[PDB]
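Text of work30.tsv (TSV, C-alpha atoms and all ligand atoms) as supplied:
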```tsv
chain	number	residue	atom	x	y	z
I	18	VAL	CA	0.00	0.00	0.00
I	19	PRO	CA	1.18	3.55	-0.80
I	20	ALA	CA	2.18	5.35	2.41
I	21	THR	CA	-0.35	8.15	1.96
I	22	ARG	CA	-3.18	5.60	1.68
I	23	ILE	CA	-2.06	4.03	4.99
I	24	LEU	CA	-2.10	7.52	6.52
I	25	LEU	CA	-5.73	8.00	5.50
I	26	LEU	CA	-6.70	4.57	6.80
I	27	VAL	CA	-5.28	5.21	10.28
I	28	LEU	CA	-6.86	8.66	10.35
I	29	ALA	CA	-10.21	7.05	9.61
I	30	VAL	CA	-9.57	4.61	12.48
I	31	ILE	CA	-8.70	7.50	14.83
I	32	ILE	CA	-11.94	9.35	13.90
I	33	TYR	CA	-14.02	6.19	14.44
I	34	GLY	CA	-12.41	5.42	17.80
I	35	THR	CA	-12.65	9.00	19.09
I	36	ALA	CA	-16.23	9.74	18.14
I	37	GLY	CA	-17.36	6.33	19.37
I	38	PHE	CA	-15.77	6.60	22.81
I	39	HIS	CA	-17.06	10.16	23.15
I	40	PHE	CA	-20.65	9.33	22.37
I	41	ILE	CA	-20.87	5.87	23.96
I	42	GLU	CA	-18.81	6.38	27.12
I	43	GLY	CA	-19.34	10.12	27.41
I	44	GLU	CA	-15.75	11.31	27.80
I	45	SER	CA	-14.55	14.58	26.32
I	46	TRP	CA	-13.29	14.71	22.71
I	47	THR	CA	-9.69	15.20	23.87
I	48	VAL	CA	-9.75	12.32	26.37
I	49	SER	CA	-11.42	10.18	23.70
I	50	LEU	CA	-8.70	10.90	21.10
I	51	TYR	CA	-6.04	10.10	23.72
I	52	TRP	CA	-7.80	6.86	24.66
I	53	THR	CA	-8.07	5.89	20.99
I	54	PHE	CA	-4.31	6.17	20.45
I	55	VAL	CA	-3.54	4.45	23.76
I	56	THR	CA	-5.82	1.59	22.65
I	57	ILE	CA	-4.78	1.04	19.03
I	58	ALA	CA	-1.07	1.30	19.98
I	59	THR	CA	-1.81	-1.51	22.55
I	60	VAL	CA	-0.44	0.59	25.42
I	61	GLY	CA	-3.70	0.27	27.41
I	62	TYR	CA	-2.98	2.32	30.59
I	63	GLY	CA	-6.55	1.73	31.82
I	64	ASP	CA	-6.96	5.30	33.16
I	65	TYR	CA	-9.87	5.24	30.69
I	66	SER	CA	-11.81	2.16	29.61
I	67	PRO	CA	-15.41	1.40	28.59
I	68	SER	CA	-17.77	0.67	31.44
I	69	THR	CA	-20.96	-0.08	29.44
I	70	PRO	CA	-21.74	-3.18	27.37
I	71	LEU	CA	-22.02	-1.12	24.16
I	72	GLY	CA	-18.70	0.49	24.98
I	73	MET	CA	-17.09	-2.94	25.45
I	74	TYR	CA	-18.45	-4.16	22.12
I	75	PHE	CA	-17.29	-0.98	20.42
I	76	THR	CA	-13.86	-1.30	21.96
I	77	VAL	CA	-13.48	-4.83	20.59
I	78	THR	CA	-14.37	-3.48	17.13
I	79	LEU	CA	-11.70	-0.74	17.46
I	80	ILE	CA	-9.11	-3.31	18.63
I	81	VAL	CA	-9.80	-5.56	15.60
I	82	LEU	CA	-9.87	-2.75	13.04
I	83	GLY	CA	-7.31	-0.45	14.53
I	84	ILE	CA	-4.30	-2.31	15.94
I	85	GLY	CA	-3.12	-3.72	12.59
I	86	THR	CA	-3.77	-0.44	10.82
I	87	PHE	CA	-1.73	1.48	13.40
I	88	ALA	CA	1.09	-1.06	13.25
I	89	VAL	CA	1.42	-0.67	9.47
I	90	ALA	CA	1.27	3.14	9.76
I	91	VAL	CA	4.05	3.15	12.34
I	92	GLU	CA	6.15	0.84	10.15
I	93	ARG	CA	5.72	3.27	7.21
I	94	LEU	CA	6.37	6.44	9.22
I	95	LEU	CA	9.65	4.80	10.26
I	96	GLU	CA	10.73	4.73	6.60
I	97	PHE	CA	9.99	8.38	5.82
I	98	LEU	CA	11.87	9.57	8.92
I	99	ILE	CA	14.85	7.15	9.04
B	18	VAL	CA	-2.05	-20.91	6.52
B	19	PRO	CA	-5.30	-20.27	4.60
B	20	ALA	CA	-7.05	-17.18	6.01
B	21	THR	CA	-10.22	-19.06	6.93
B	22	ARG	CA	-8.19	-21.56	8.99
B	23	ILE	CA	-6.62	-18.64	10.91
B	24	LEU	CA	-10.13	-17.30	11.53
B	25	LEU	CA	-11.19	-20.59	13.11
B	26	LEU	CA	-8.04	-20.73	15.23
B	27	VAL	CA	-8.60	-17.27	16.74
B	28	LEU	CA	-12.27	-18.05	17.31
B	29	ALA	CA	-11.23	-21.14	19.24
B	30	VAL	CA	-8.86	-18.95	21.29
B	31	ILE	CA	-11.67	-16.45	21.99
B	32	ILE	CA	-14.01	-19.27	23.18
B	33	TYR	CA	-11.28	-20.70	25.44
B	34	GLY	CA	-10.41	-17.33	26.95
B	35	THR	CA	-14.04	-16.28	27.50
B	36	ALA	CA	-15.34	-19.47	29.07
B	37	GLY	CA	-12.24	-19.77	31.24
B	38	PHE	CA	-12.40	-16.25	32.66
B	39	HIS	CA	-16.15	-16.62	33.22
B	40	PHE	CA	-15.91	-19.84	35.16
B	41	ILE	CA	-12.63	-19.25	37.00
B	42	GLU	CA	-12.93	-15.55	37.87
B	43	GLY	CA	-16.71	-15.39	37.86
B	44	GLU	CA	-17.28	-12.40	35.57
B	45	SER	CA	-20.22	-12.23	33.19
B	46	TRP	CA	-19.95	-13.75	29.70
B	47	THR	CA	-19.85	-10.29	28.08
B	48	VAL	CA	-17.16	-8.91	30.39
B	49	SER	CA	-15.22	-12.14	29.88
B	50	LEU	CA	-15.32	-11.86	26.05
B	51	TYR	CA	-14.20	-8.22	26.33
B	52	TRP	CA	-11.36	-9.17	28.68
B	53	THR	CA	-10.28	-11.96	26.33
B	54	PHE	CA	-9.88	-9.56	23.40
B	55	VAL	CA	-8.21	-6.91	25.57
B	56	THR	CA	-5.74	-9.60	26.71
B	57	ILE	CA	-4.84	-11.35	23.46
B	58	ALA	CA	-4.49	-7.99	21.65
B	59	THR	CA	-1.99	-7.04	24.46
B	60	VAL	CA	-3.96	-3.89	25.32
B	61	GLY	CA	-4.30	-4.94	28.99
B	62	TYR	CA	-6.36	-2.06	30.52
B	63	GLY	CA	-6.46	-3.88	33.88
B	64	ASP	CA	-10.10	-2.93	34.58
B	65	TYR	CA	-10.43	-6.74	34.72
B	66	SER	CA	-7.68	-9.17	35.69
B	67	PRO	CA	-7.51	-12.55	37.45
B	68	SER	CA	-7.35	-12.40	41.22
B	69	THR	CA	-7.06	-16.15	41.99
B	70	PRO	CA	-4.05	-18.42	41.47
B	71	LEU	CA	-5.97	-20.61	38.99
B	72	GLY	CA	-7.01	-17.49	37.14
B	73	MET	CA	-3.38	-16.32	36.94
B	74	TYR	CA	-2.25	-19.69	35.59
B	75	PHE	CA	-5.10	-19.70	33.09
B	76	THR	CA	-4.26	-16.18	31.98
B	77	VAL	CA	-0.65	-17.17	31.28
B	78	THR	CA	-1.97	-20.05	29.12
B	79	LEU	CA	-4.21	-17.62	27.17
B	80	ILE	CA	-1.29	-15.19	26.71
B	81	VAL	CA	0.95	-17.96	25.30
B	82	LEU	CA	-1.70	-19.49	23.03
B	83	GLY	CA	-3.59	-16.39	22.08
B	84	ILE	CA	-1.31	-13.42	21.39
B	85	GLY	CA	0.45	-14.97	18.37
B	86	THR	CA	-2.80	-16.34	17.01
B	87	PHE	CA	-4.46	-12.92	17.24
B	88	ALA	CA	-1.47	-11.21	15.65
B	89	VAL	CA	-1.60	-13.51	12.61
B	90	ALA	CA	-5.40	-13.06	12.33
B	91	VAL	CA	-5.05	-9.28	12.37
B	92	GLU	CA	-2.31	-9.46	9.73
B	93	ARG	CA	-4.62	-11.54	7.49
B	94	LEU	CA	-7.73	-9.40	8.04
B	95	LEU	CA	-5.60	-6.47	6.87
B	96	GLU	CA	-5.16	-8.17	3.49
B	97	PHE	CA	-8.84	-8.90	2.85
B	98	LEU	CA	-9.84	-5.31	3.69
B	99	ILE	CA	-6.95	-3.29	2.17
C	18	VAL	CA	17.84	-19.95	15.86
C	19	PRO	CA	16.74	-23.55	16.52
C	20	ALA	CA	13.33	-23.58	18.23
C	21	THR	CA	14.58	-25.44	21.31
C	22	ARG	CA	17.29	-22.79	21.85
C	23	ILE	CA	14.59	-20.07	21.76
C	24	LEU	CA	12.64	-22.08	24.34
C	25	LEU	CA	15.61	-22.08	26.71
C	26	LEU	CA	16.19	-18.36	26.19
C	27	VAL	CA	12.62	-17.41	27.13
C	28	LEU	CA	12.72	-19.78	30.11
C	29	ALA	CA	15.84	-17.99	31.31
C	30	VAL	CA	14.01	-14.67	30.90
C	31	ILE	CA	11.02	-16.00	32.89
C	32	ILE	CA	13.33	-17.17	35.74
C	33	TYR	CA	15.10	-13.78	35.81
C	34	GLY	CA	11.86	-11.80	35.81
C	35	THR	CA	10.18	-13.96	38.47
C	36	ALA	CA	13.00	-14.15	40.97
C	37	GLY	CA	13.74	-10.45	40.55
C	38	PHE	CA	10.17	-9.27	41.15
C	39	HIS	CA	9.86	-11.64	44.10
C	40	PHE	CA	12.97	-10.45	45.86
C	41	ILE	CA	12.87	-6.76	44.94
C	42	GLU	CA	9.14	-6.04	45.21
C	43	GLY	CA	8.32	-8.78	47.68
C	44	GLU	CA	5.40	-10.47	45.93
C	45	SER	CA	4.83	-14.21	46.11
C	46	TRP	CA	6.55	-16.53	43.61
C	47	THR	CA	3.25	-17.24	41.83
C	48	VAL	CA	2.24	-13.58	41.52
C	49	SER	CA	5.78	-12.82	40.35
C	50	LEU	CA	5.68	-15.47	37.58
C	51	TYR	CA	2.28	-14.12	36.48
C	52	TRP	CA	3.59	-10.54	36.46
C	53	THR	CA	6.63	-11.62	34.45
C	54	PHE	CA	4.49	-13.09	31.66
C	55	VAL	CA	2.07	-10.16	31.74
C	56	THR	CA	5.08	-7.83	31.35
C	57	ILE	CA	7.12	-9.56	28.64
C	58	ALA	CA	3.96	-10.22	26.57
C	59	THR	CA	3.33	-6.40	26.82
C	60	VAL	CA	-0.15	-6.94	28.27
C	61	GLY	CA	0.64	-4.80	31.35
C	62	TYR	CA	-2.63	-4.98	33.39
C	63	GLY	CA	-1.02	-2.94	36.19
C	64	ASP	CA	-2.62	-5.02	38.98
C	65	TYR	CA	1.06	-5.53	39.89
C	66	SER	CA	3.88	-3.10	39.14
C	67	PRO	CA	7.15	-2.10	40.84
C	68	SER	CA	6.84	0.60	43.47
C	69	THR	CA	10.54	0.97	44.41
C	70	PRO	CA	13.32	2.60	42.38
C	71	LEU	CA	15.27	-0.69	42.18
C	72	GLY	CA	12.10	-2.42	41.04
C	73	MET	CA	11.60	0.20	38.31
C	74	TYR	CA	15.17	-0.21	37.08
C	75	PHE	CA	14.81	-3.99	37.15
C	76	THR	CA	11.56	-3.80	35.24
C	77	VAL	CA	13.19	-1.74	32.48
C	78	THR	CA	15.89	-4.44	32.22
C	79	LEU	CA	13.21	-7.17	31.91
C	80	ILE	CA	11.35	-5.13	29.26
C	81	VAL	CA	14.54	-4.72	27.16
C	82	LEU	CA	15.69	-8.33	27.50
C	83	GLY	CA	12.37	-10.07	27.58
C	84	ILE	CA	9.87	-8.60	25.10
C	85	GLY	CA	11.85	-9.51	21.97
C	86	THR	CA	12.69	-12.93	23.34
C	87	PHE	CA	9.04	-13.66	24.09
C	88	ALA	CA	7.95	-12.40	20.66
C	89	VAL	CA	10.34	-14.78	18.89
C	90	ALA	CA	9.25	-17.69	21.14
C	91	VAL	CA	5.59	-17.05	20.35
C	92	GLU	CA	6.38	-16.87	16.63
C	93	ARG	CA	8.13	-20.27	16.84
C	94	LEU	CA	5.46	-21.96	18.98
C	95	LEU	CA	3.00	-20.92	16.26
C	96	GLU	CA	4.92	-23.06	13.76
C	97	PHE	CA	5.02	-26.24	15.85
C	98	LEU	CA	1.28	-26.06	16.56
C	99	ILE	CA	-0.13	-24.80	13.22
R	18	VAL	CA	19.89	0.96	9.35
R	19	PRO	CA	23.21	0.27	11.12
R	20	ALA	CA	22.56	-1.05	14.63
R	21	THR	CA	24.46	1.78	16.34
R	22	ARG	CA	22.30	4.37	14.53
R	23	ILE	CA	19.16	2.60	15.84
R	24	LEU	CA	20.67	2.74	19.33
R	25	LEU	CA	21.07	6.51	19.09
R	26	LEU	CA	17.54	6.94	17.76
R	27	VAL	CA	15.94	5.07	20.67
R	28	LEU	CA	18.13	6.94	23.14
R	29	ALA	CA	16.86	10.19	21.67
R	30	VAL	CA	13.30	8.89	22.09
R	31	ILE	CA	13.99	7.95	25.73
R	32	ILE	CA	15.39	11.46	26.46
R	33	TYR	CA	12.37	13.11	24.81
R	34	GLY	CA	9.86	10.94	26.67
R	35	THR	CA	11.56	11.32	30.06
R	36	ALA	CA	12.11	15.06	30.04
R	37	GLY	CA	8.62	15.65	28.67
R	38	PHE	CA	6.81	13.58	31.30
R	39	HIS	CA	8.94	15.14	34.04
R	40	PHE	CA	8.23	18.71	33.07
R	41	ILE	CA	4.63	18.36	31.90
R	42	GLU	CA	3.26	15.90	34.46
R	43	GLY	CA	5.69	16.72	37.24
R	44	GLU	CA	6.93	13.25	38.15
R	45	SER	CA	10.50	12.60	39.23
R	46	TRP	CA	13.20	11.93	36.62
R	47	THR	CA	13.41	8.25	37.62
R	48	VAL	CA	9.65	7.66	37.50
R	49	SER	CA	9.58	9.51	34.18
R	50	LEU	CA	12.30	7.30	32.63
R	51	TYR	CA	10.44	4.21	33.87
R	52	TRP	CA	7.15	5.49	32.44
R	53	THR	CA	8.84	6.23	29.11
R	54	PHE	CA	10.05	2.64	28.72
R	55	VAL	CA	6.74	1.21	29.93
R	56	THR	CA	5.00	3.35	27.29
R	57	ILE	CA	7.18	2.83	24.22
R	58	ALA	CA	7.38	-0.93	24.90
R	59	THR	CA	3.50	-0.87	24.91
R	60	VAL	CA	3.36	-2.46	28.37
R	61	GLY	CA	1.24	0.41	29.77
R	62	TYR	CA	0.75	-0.59	33.46
R	63	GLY	CA	-1.11	2.67	34.13
R	64	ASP	CA	0.52	3.21	37.55
R	65	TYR	CA	1.61	6.45	35.85
R	66	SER	CA	-0.25	8.22	33.06
R	67	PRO	CA	-0.75	11.85	31.98
R	68	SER	CA	-3.59	13.67	33.69
R	69	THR	CA	-3.35	17.04	31.87
R	70	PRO	CA	-4.37	17.83	28.29
R	71	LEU	CA	-0.79	18.80	27.35
R	72	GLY	CA	0.42	15.56	28.88
R	73	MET	CA	-2.11	13.58	26.82
R	74	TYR	CA	-1.02	15.31	23.61
R	75	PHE	CA	2.62	14.74	24.48
R	76	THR	CA	1.96	11.09	25.22
R	77	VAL	CA	0.36	10.60	21.79
R	78	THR	CA	3.49	12.13	20.22
R	79	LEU	CA	5.73	9.71	22.19
R	80	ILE	CA	3.53	6.75	21.18
R	81	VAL	CA	3.78	7.68	17.47
R	82	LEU	CA	7.52	8.40	17.50
R	83	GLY	CA	8.64	5.88	20.03
R	84	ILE	CA	6.89	2.52	19.65
R	85	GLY	CA	8.28	1.74	16.19
R	86	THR	CA	11.73	2.96	17.15
R	87	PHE	CA	11.77	0.74	20.24
R	88	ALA	CA	10.51	-2.25	18.27
R	89	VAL	CA	13.36	-1.95	15.75
R	90	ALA	CA	15.92	-1.49	18.56
R	91	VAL	CA	14.69	-4.62	20.31
R	92	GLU	CA	14.84	-6.56	17.04
R	93	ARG	CA	18.48	-5.46	16.56
R	94	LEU	CA	19.56	-6.11	20.15
R	95	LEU	CA	18.25	-9.65	19.64
R	96	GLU	CA	20.81	-10.16	16.87
R	97	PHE	CA	23.86	-8.97	18.82
R	98	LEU	CA	22.99	-11.18	21.79
R	99	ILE	CA	21.67	-14.36	20.09
Q	101	K	K	-0.42	-3.08	27.11
Q	102	K	K	-1.69	-2.15	29.71
Q	103	K	K	6.08	-7.88	13.76
Q	104	K	K	1.04	-4.17	24.10
Q	105	K	K	-3.07	-1.13	32.53
```
Please, can you express the file's structure as structure tokens?
Ligand SMILES: [K+]
Ligand SMILES: [K+]
Ligand SMILES: [K+]
Ligand SMILES: [K+]
Ligand SMILES: [K+]
Amino acid sequence: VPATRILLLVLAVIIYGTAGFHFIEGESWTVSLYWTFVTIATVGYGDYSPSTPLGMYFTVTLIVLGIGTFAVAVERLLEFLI
Amino acid sequence: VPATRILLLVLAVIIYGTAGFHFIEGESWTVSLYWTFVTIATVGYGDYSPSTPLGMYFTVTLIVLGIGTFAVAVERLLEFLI
Amino acid sequence: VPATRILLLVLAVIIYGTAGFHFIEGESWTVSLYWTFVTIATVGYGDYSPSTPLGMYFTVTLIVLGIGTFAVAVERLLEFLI
Amino acid sequence: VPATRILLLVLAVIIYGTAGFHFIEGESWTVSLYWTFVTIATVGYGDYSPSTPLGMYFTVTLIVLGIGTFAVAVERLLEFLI
């Protein structure tokens, strides 16, 4: 995949994760963006996590769609900076 | 490995993780499925974690069997969507 | 690397992590073995974590030596089971 | 990339992460170095995490710049020890 296409794909993931956590779990937009990165990078501090069943379902969907996408995006960013 | 075989393998992992956490640590089926994904993806929020020795042993077995399986499944899903 | 050599290397990592957490942070052998796997797999629940400076130093040493070793061992175990 | 260049790159990441967490979130230098490794290795215990908006932004920047760099450094260290 061209590197710019990978960029758009992870941006789409980040939008999905952020808006979903905001609306489902009710955290601010900023906290939700932070949580989305912490989740798809697999860091997982746990300072924020879903506490509702819908949130848990949604979080599984973000884990499945987002972790591989982020990993490829990181791998590509590595090339254009090193 | 054919992609559909990898799908079945991770589904088997998800069943093992979920039923085990449910019966050993006593959390609901839904929470247990959520915990299983959060564990084999290596996110690890810690909102749920085993608190019994059997649970800790079981969790090590899920980590060894499940993290590589999930990683391959993600890598394959990437191909059939990008 | 031959797969059996990788097995011995991760076992050595697991012994190092477990005895170190036990003696430095004072948790039981079982909890310490559990923490060692949760750490080198990068799950990181945080139900257990070092609270002393020596423990924090030691944990960095386990992260550097152990995460790559575990990742290779998982990758190999995948081959001999799939 | 030559292995010594990768070493310098991850050291630069570690300096960036440590000084940033120290000054933005106010934790000691030692705790901040520990947190930086726990973050870029994707362990993410959550015993320490940013609680300010600037800290959350900064942490996203460390996740994007640091996780791939650490992963390559681990992969290389593996070669020069096995
Ligand atoms: K983690
Ligand atoms: K974690
Ligand atoms: K990899
Ligand atoms: K992780
Ligand atoms: K955690």
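One distance worth recording is that between atom CA of residue 31 of chain I and atom CA of residue 73 of chain I, which is 17.1 Å.
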Shortest contact to chain R, candidates B:56, B:78, B:86, B:69, atoms counted all atoms listed in the file, goes to B:56
Can you superpose chain I onto chain C by least squares over all C-alpha atoms paired in order and give the moved copy as a JSON list (two decimals) with C-alpha atoms, in the coordinates of the input?
```json
[["chain", "number", "residue", "atom", "x", "y", "z"],
["I", 18, "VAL", "CA", 17.84, -19.95, 15.86],
["I", 19, "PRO", "CA", 16.73, -23.55, 16.52],
["I", 20, "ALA", "CA", 13.33, -23.58, 18.24],
["I", 21, "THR", "CA", 14.58, -25.44, 21.31],
["I", 22, "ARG", "CA", 17.28, -22.79, 21.85],
["I", 23, "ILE", "CA", 14.59, -20.06, 21.76],
["I", 24, "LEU", "CA", 12.64, -22.08, 24.34],
["I", 25, "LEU", "CA", 15.61, -22.08, 26.71],
["I", 26, "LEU", "CA", 16.19, -18.36, 26.20],
["I", 27, "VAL", "CA", 12.62, -17.41, 27.13],
["I", 28, "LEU", "CA", 12.72, -19.77, 30.11],
["I", 29, "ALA", "CA", 15.84, -18.00, 31.31],
["I", 30, "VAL", "CA", 14.01, -14.67, 30.90],
["I", 31, "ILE", "CA", 11.02, -16.00, 32.89],
["I", 32, "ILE", "CA", 13.32, -17.16, 35.74],
["I", 33, "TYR", "CA", 15.11, -13.78, 35.81],
["I", 34, "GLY", "CA", 11.86, -11.80, 35.81],
["I", 35, "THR", "CA", 10.18, -13.97, 38.47],
["I", 36, "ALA", "CA", 13.00, -14.15, 40.97],
["I", 37, "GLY", "CA", 13.73, -10.45, 40.55],
["I", 38, "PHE", "CA", 10.17, -9.26, 41.15],
["I", 39, "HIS", "CA", 9.86, -11.64, 44.10],
["I", 40, "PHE", "CA", 12.97, -10.46, 45.87],
["I", 41, "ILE", "CA", 12.87, -6.76, 44.94],
["I", 42, "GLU", "CA", 9.14, -6.04, 45.20],
["I", 43, "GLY", "CA", 8.32, -8.79, 47.68],
["I", 44, "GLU", "CA", 5.40, -10.47, 45.93],
["I", 45, "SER", "CA", 4.83, -14.20, 46.11],
["I", 46, "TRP", "CA", 6.55, -16.53, 43.60],
["I", 47, "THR", "CA", 3.25, -17.24, 41.83],
["I", 48, "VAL", "CA", 2.24, -13.57, 41.52],
["I", 49, "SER", "CA", 5.78, -12.81, 40.35],
["I", 50, "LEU", "CA", 5.68, -15.46, 37.58],
["I", 51, "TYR", "CA", 2.28, -14.12, 36.48],
["I", 52, "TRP", "CA", 3.59, -10.54, 36.46],
["I", 53, "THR", "CA", 6.63, -11.62, 34.45],
["I", 54, "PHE", "CA", 4.49, -13.09, 31.66],
["I", 55, "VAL", "CA", 2.07, -10.16, 31.74],
["I", 56, "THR", "CA", 5.08, -7.84, 31.35],
["I", 57, "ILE", "CA", 7.12, -9.56, 28.64],
["I", 58, "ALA", "CA", 3.96, -10.22, 26.57],
["I", 59, "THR", "CA", 3.33, -6.40, 26.81],
["I", 60, "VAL", "CA", -0.15, -6.95, 28.27],
["I", 61, "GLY", "CA", 0.64, -4.80, 31.35],
["I", 62, "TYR", "CA", -2.62, -4.98, 33.39],
["I", 63, "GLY", "CA", -1.02, -2.94, 36.19],
["I", 64, "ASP", "CA", -2.62, -5.03, 38.99],
["I", 65, "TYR", "CA", 1.05, -5.53, 39.88],
["I", 66, "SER", "CA", 3.88, -3.10, 39.15],
["I", 67, "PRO", "CA", 7.15, -2.10, 40.84],
["I", 68, "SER", "CA", 6.84, 0.60, 43.46],
["I", 69, "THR", "CA", 10.54, 0.97, 44.42],
["I", 70, "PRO", "CA", 13.32, 2.60, 42.38],
["I", 71, "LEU", "CA", 15.27, -0.69, 42.18],
["I", 72, "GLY", "CA", 12.10, -2.42, 41.04],
["I", 73, "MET", "CA", 11.60, 0.20, 38.30],
["I", 74, "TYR", "CA", 15.17, -0.21, 37.09],
["I", 75, "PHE", "CA", 14.81, -3.98, 37.14],
["I", 76, "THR", "CA", 11.56, -3.79, 35.24],
["I", 77, "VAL", "CA", 13.19, -1.75, 32.48],
["I", 78, "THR", "CA", 15.89, -4.43, 32.22],
["I", 79, "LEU", "CA", 13.21, -7.17, 31.91],
["I", 80, "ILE", "CA", 11.35, -5.13, 29.26],
["I", 81, "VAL", "CA", 14.54, -4.72, 27.16],
["I", 82, "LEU", "CA", 15.69, -8.33, 27.50],
["I", 83, "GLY", "CA", 12.37, -10.07, 27.58],
["I", 84, "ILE", "CA", 9.87, -8.59, 25.10],
["I", 85, "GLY", "CA", 11.85, -9.51, 21.97],
["I", 86, "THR", "CA", 12.70, -12.93, 23.34],
["I", 87, "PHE", "CA", 9.04, -13.66, 24.09],
["I", 88, "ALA", "CA", 7.95, -12.40, 20.67],
["I", 89, "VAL", "CA", 10.33, -14.79, 18.89],
["I", 90, "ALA", "CA", 9.25, -17.69, 21.13],
["I", 91, "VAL", "CA", 5.59, -17.05, 20.35],
["I", 92, "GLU", "CA", 6.38, -16.87, 16.62],
["I", 93, "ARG", "CA", 8.13, -20.27, 16.85],
["I", 94, "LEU", "CA", 5.46, -21.95, 18.98],
["I", 95, "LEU", "CA", 3.00, -20.92, 16.26],
["I", 96, "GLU", "CA", 4.92, -23.06, 13.76],
["I", 97, "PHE", "CA", 5.03, -26.24, 15.84],
["I", 98, "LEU", "CA", 1.28, -26.06, 16.57],
["I", 99, "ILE", "CA", -0.13, -24.80, 13.22]]
```
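Candidate residues C:36, C:25, C:58, C:41 were compared for distance to chain I, and the nearest is C:58, using only C-alpha atoms.
Here the question is which of I:79, I:89, I:71, I:55 gets nearest to ligand K 105 (chain Q) using all atoms listed in the file, and that residue is I:55.
With all atoms listed in the file taken into account, the protein and nucleic acid residues at most 7 Å from residue 59 of chain B (excluding it and anything under 5 positions from it in its own chain) are residues 59 of chain I; 59 and 60 of chain C.
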Pull C-alpha atoms from the residues just selected and write them as a PDB file, keeping the file's coordinate frame.
```pdb
ATOM      1  CA  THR I  59      -1.810  -1.510  22.550  1.00  0.00           C
TER       2      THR I  59
ATOM      3  CA  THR C  59       3.330  -6.400  26.820  1.00  0.00           C
ATOM      4  CA  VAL C  60      -0.150  -6.940  28.270  1.00  0.00           C
TER       5      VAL C  60
END
```
If the cut-off is 8 Å, can you tell me the residues of chain R near chain B, counting all atoms listed in the file? I'd like them as a PyMOL selection string. chain R and resi 61-63
Could you please extract the residues within 9 Å of ligand K 103 (chain Q), counting all atoms listed in the file, and hand them back as an MDAnalysis selection string? (chainID I and resid 88) or (chainID B and resid 88) or (chainID C and resid 88) or (chainID R and resid 88)
Shell around residue 38 of chain C at 9 Å using only C-alpha atoms, local window under 4 positions removed, as a compact mmCIF listing (two decimals) with C-alpha atoms, keeping the file's coordinate frame:
```txt
# COMPACT_ATOMS: atom_id res chain seq x y z
CA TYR C 33 15.10 -13.78 35.81
CA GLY C 34 11.86 -11.80 35.81
CA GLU C 42 9.14 -6.04 45.21
CA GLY C 43 8.32 -8.78 47.68
CA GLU C 44 5.40 -10.47 45.93
CA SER C 45 4.83 -14.21 46.11
CA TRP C 46 6.55 -16.53 43.61
CA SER C 49 5.78 -12.82 40.35
CA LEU C 50 5.68 -15.47 37.58
CA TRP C 52 3.59 -10.54 36.46
CA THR C 53 6.63 -11.62 34.45
CA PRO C 67 7.15 -2.10 40.84
CA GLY C 72 12.10 -2.42 41.04
CA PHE C 75 14.81 -3.99 37.15
CA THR C 76 11.56 -3.80 35.24
```
Grab the atom CA of residue 18 of chain B to atom CA of residue 80 of chain I distance for me, in Å with one decimal place.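 Separating atom CA of residue 18 of chain B from atom CA of residue 80 of chain I is a distance of 22.5 Å.
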If the box runs along x, y and z of the file and leaves 3 Å on each side of segment 24-42 of chain I, what are its centre and edge lengths in Å, one decimal, as lines of an AutoDock Vina configuration file?
```
center_x = -11.5
center_y = 7.4
center_z = 16.3
size_x = 24.8
size_y = 11.6
size_z = 27.6
```
So, counting all atoms listed in the file, which residue among C:83, C:74, C:65, C:24 is closest to ligand K 102 (chain Q)?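 Between C:83, C:74, C:65, C:24, the residue approaching ligand K 102 (chain Q) most closely is C:65.
Between atom CA of residue 84 of chain R and atom CA of residue 68 of chain R there is a distance of 20.8 Å.
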Residue nearest residue 81 of chain R among I:26, I:57, I:20, I:32 (counting only C-alpha atoms):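 Closest residue, counting only C-alpha atoms: I:57.
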Closest of B:48, B:94, B:29, B:99 to residue 70 of chain I - atom-to-atom distances counting all atoms listed in the file: B:48
